[PDB]
Structure formats: structure tokens, C-alpha cells
Amino acid sequence: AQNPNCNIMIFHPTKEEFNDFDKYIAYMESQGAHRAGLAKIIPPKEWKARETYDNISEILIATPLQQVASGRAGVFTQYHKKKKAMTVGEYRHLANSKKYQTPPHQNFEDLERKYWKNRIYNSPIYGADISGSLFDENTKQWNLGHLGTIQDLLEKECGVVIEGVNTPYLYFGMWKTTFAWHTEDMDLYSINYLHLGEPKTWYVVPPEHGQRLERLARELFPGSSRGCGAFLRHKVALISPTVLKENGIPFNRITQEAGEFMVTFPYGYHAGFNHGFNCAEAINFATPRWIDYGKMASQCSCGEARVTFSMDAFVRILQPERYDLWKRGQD
Ligand SMILES: O=C(O)CNC(=O)C(=O)O
Ligand SMILES: [Mg+2]
Ligand code: NI
Ligand SMILES: [Zn+2]
């Protein structure tokens, strides 16, 4: 069995190997990369996402989200307060202001310590989930707006033809902006490219151990657990590495830098934070190996999770017994 300790693997494809996306995902899996829940892919030196970022300040962040925490430093939830629209140029200036800028620090480890000590005492503003792409149309390799669609994968594997679309999303971050513990919708894969700026630190639980994290989360957030049998789908709960280690939960960590891809694998729980002003692009995707995870994915039906249009078909075809309850939570 490859990668039996479920370590995060780092890949350096050559320019030839970078041509065929599906083939390279299958290669990484042949080496056991999925067992970690997360892999890093460093593009070949000949590749570029686009020519320059000199022209991005005019993008609009229609609904910036202020991430307000409640709890203790290692076990907290966050809620998103909507703020007035601002441009990327306005948001970058805000990120760099004295109130929001990254503090002086020695190295990534010192910064990580400061994040977990102090996160709860601040409310950073995140420009998340903005439909769009920063890949040049002429970039043919690993262009996240030119991937094979999840609908097409389901049609090819299962023969059924469904509505829905699959497009990328932009994320503008600042110091302390936070992504809560989650798996993807329908336990899909994700791929994330850090276009520019400061790093992103990730934490991940191996898919084979995801239910250990779920059981800890039910203990740590007991009112939330009574509210919903899949409350991690709400994407609001944080648990620190120190608390994970105290409770024996297997996990790994890695820091992504600008120019690097990360892939999350089906049912790989992940969480993390941004080091300073940055911009990432991410999208969900499927492979044949995903289908069994899609069939078994948990679902929130309490109303909180609310998701895209395109998840309807996935539930309807893969989980017909659950469909009626889940759709009530959508409506
Ligand atoms: O970058 C972020 O804030 C969150 N991204 C992801 O959870 C992902 O790419 O799957
Ligand atoms: Mg612009
Ligand atoms: Ni994710
Ligand atoms: Zn719920």
C-alpha cells in the first residue's frame, strides 16, 4: 500500500507531464497521494498562469465577509458579517493597513503560533467565493477554467445526462482570514492555485480517518451537533493543531506559496488561514474514483448549508433516498 502514513506529498511534474491533467491526478494517486487528503503540485519552470497581475485592482468584491469568532483560541466558530462592496485595490489597501496587516514575525512557524494564539481577538475581512478566473485563455495546461466538468464525468461513468455547470471561484485574503474545517460539496476533489501574494497554511485529516474528526467536532460543538447531523457542512468550526494532537486526531500541515497548486481529495477534511494579502482560484472536480464517495457523502438538511444549483442533480442521481429531505433544506 503506497503512503501508509498518509503524508502530504509534493510533486514536480515536467512540462510533458503537465499536459494531461486527468492522467497526472491518476499518477499521484498511484503513488498514494490521496491518502493524505491533500497534495502540493509545483508547476514546471516553463509554465505560467498569466503574463502579469498588474491589472487586477478593478475586480469587484461585491460582498466582503468580516469573519467574527466566538469560543476559545483553539476551539471556536466564526460567522460571516456582510460588508459593503469594494474593489480589489480597495481591499488590498485595507489588508495592508495597520489594523489588518501581518505582524512582524521570524518565519512561518512563528506566524502560525501567533495565528492560533490571537485569531479570535480580531475580525479579518475575506473576499470569498467570487465567480471568475485569472488564468489567461492561452494557458493550456492546468487552467482551472478549462477543466472537464463534473457533469460530463458523471455522464461518462454512469450514462446519465444532467443539468448544471462547474466554474471557478476567486478568493481574496488577508492576515488571519480563515477557512473552517470541511470537505467539499458531495465530497468532491478541489484544486486551488495561489495566484499572487502571501502564503496560505493548510491542515488536513486523511480521508480514512475523517470520522475521527467528526466525532471530536460533535464533542466540542455539542449544541451544533444536536442541530444538525452534518454540521461541518456549515463551514464555521475551527479546531487548532494543539487541540487535535491532545485528542489523538491524525492530521498534517503544509504551507502553500504563490505559484503553487494544492489538490484536496474526496473526503479529505481541511482548514487553514492566509498569511497576508493574497489571491487564490479554486474549483471542484471529479474522477471515476470519486463516484463512490459521492454516493456516501453526508448531507446537511437543516437549512444552514445552502449550496449551488448544480448539487441538485448530484443528490438526485447518486442519493435518491436522501433527495426529498435534502431539497427541503434547500427550500
Ligand atoms: O482558499 C480557501 O479559503 C478555501 N479553499 C478551499 O477550501 C479549497 O480550495 O478547497
Ligand atoms: Mg482589474
Ligand atoms: Ni475546500
Ligand atoms: Zn445543517
Side-chain angles (χ1 to χ4, degrees), residues 36-41 61 64-65 67 77-78 80 115 124-130 134 144 147 166-205 207 210 214 217-218 221 223-238 254-258 260-286 290 297-305 307-308 311 322 325-327 329-330:
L38 184 68
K40 177 178 292 194
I41 306 92
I61 311 171
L65 301 180
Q67 303 188 294
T77 60
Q78 57 185 12
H80 291 165
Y115 174 84
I125 293 168
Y126 207 175
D129 287 315
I130 296 162
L134 285 166
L144 298 188
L147 306 176
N166 177 205
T167 59
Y169 295 88
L170 303 178
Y171 298 80
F172 290 94
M174 67 168 64
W175 172 234
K176 285 168 173 171
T177 52
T178 302
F179 53 109
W181 280 107
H182 71 283
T183 64
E184 307 302 307
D185 288 345
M186 220 70 188
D187 297 344
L188 283 159
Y189 295 72
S190 68
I191 181 163
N192 183 300
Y193 183 68
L194 191 54
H195 281 283
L196 62 96
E198 302 313 304
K200 186 187 298 285
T201 293
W202 300 68
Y203 307 89
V204 60
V205 174
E214 295 171 349
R218 290 191 304 270
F221 303 97
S224 296
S225 180
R226 286 187 289 274
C228 179
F231 75 96
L232 294 177
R233 296 285 169 205
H234 307 167
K235 308 192 298 177
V236 303
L238 278 303
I254 194 170
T255 300
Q256 177 192 20
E257 298 185 78
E260 306 180 335
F261 289 91
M262 305 299 296
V263 168
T264 82
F265 296 87
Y267 196 59
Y269 274 104
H270 52 287
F273 65 88
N274 294 305
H275 291 206
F277 171 71
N278 67 14
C279 171
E281 182 172 341
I283 197 176
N284 296 119
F285 70 94
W290 165 71
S298 68
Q299 304 297 357
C300 164
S301 307
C302 76
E304 285 300 308
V307 307
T308 184
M311 228 190 97
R322 290 183 167 172
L325 189 67
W326 172 78
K327 195 164 40 64
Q330 240 44 12

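When a ligand or atom number is given, it counts from 1 through the structure's own listing order. Throughout, numbering of the chain's residues begins at 1 and tracks the sequence. Reckoned from all heavy atoms, side chains included, excluding hydrogens, waters and symmetry mates.
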Please test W290 against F285 for ring pair (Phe, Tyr, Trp, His ring centres under 6.0 Å), starting from the C-alpha separation and ending with a verdict.
CA-CA 9 Å; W290 165 71; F285 70 94; over 10 Å; no

Between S301 and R322, is the side chain to side chain contact (heavy atoms under 4.5 Å, CB included) condition met? List the steps.
CA-CA 9 Å; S301 307; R322 290 183 167 172; over 6 Å; no

Nearest atoms (heavy-atom pairs only) where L144 meets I283:
O-CD1, 3.6 Å

Can you check side chain to side chain contact (heavy atoms under 4.5 Å, CB included) on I191 and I41, steps first, answer last?
CA-CA 10 Å; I191 181 163; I41 306 92; 5.6 Å; no

In terms of heavy-atom contacts, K200 and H275 come closest through N-CD2, 4.2 Å

So, do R233 and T183 sit near enough that their side-chain heavy atoms are less than 4.5 Å apart?
yes

Non-hydrogen atoms of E214 and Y267 that approach each other most closely:
OE2-OH, 2.7 Å

Could you give me the CA-CA distance, side-chain angles and deciding distance for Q330 and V307, then say whether side chain to side chain contact (heavy atoms under 4.5 Å, CB included) is met?
CA-CA 8 Å; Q330 240 44 12; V307 307; 3.5 Å; yes

From the list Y171, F273, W202, ring-ring contact (aromatic ring centres under 6.0 Å, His included) with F179 holds only for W202

Taking only protein atoms, how many N, O or S atoms are found under 2.8 Å from the Ni ion (ligand 3)?
3

Show the distances, to 0.1 Å, for all pairs joining an N/O atom of ligand 1 and a protein N/O atom that are shorter than 3.5 Å, listing one pair per line.
| unit_1 | atom_1 | unit_2 | atom_2 | d |
| --- | --- | --- | --- | --- |
| ligand 1 | 1 (O) | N192 | ND2 | 3.4 |
| ligand 1 | 1 (O) | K200 | NZ | 2.9 |
| ligand 1 | 3 (O) | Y126 | OH | 2.6 |
| ligand 1 | 7 (O) | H182 | NE2 | 3.0 |
| ligand 1 | 7 (O) | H270 | NE2 | 3.1 |
| ligand 1 | 9 (O) | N192 | ND2 | 3.1 |
| ligand 1 | 10 (O) | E184 | OE2 | 3.1 |
| ligand 1 | 10 (O) | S190 | OG | 2.7 |
| ligand 1 | 10 (O) | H270 | NE2 | 3.2 |

Rounded to 10°, the SG/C228 to the Zn ion (ligand 4) to NE2/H234 angle comes out at 110°

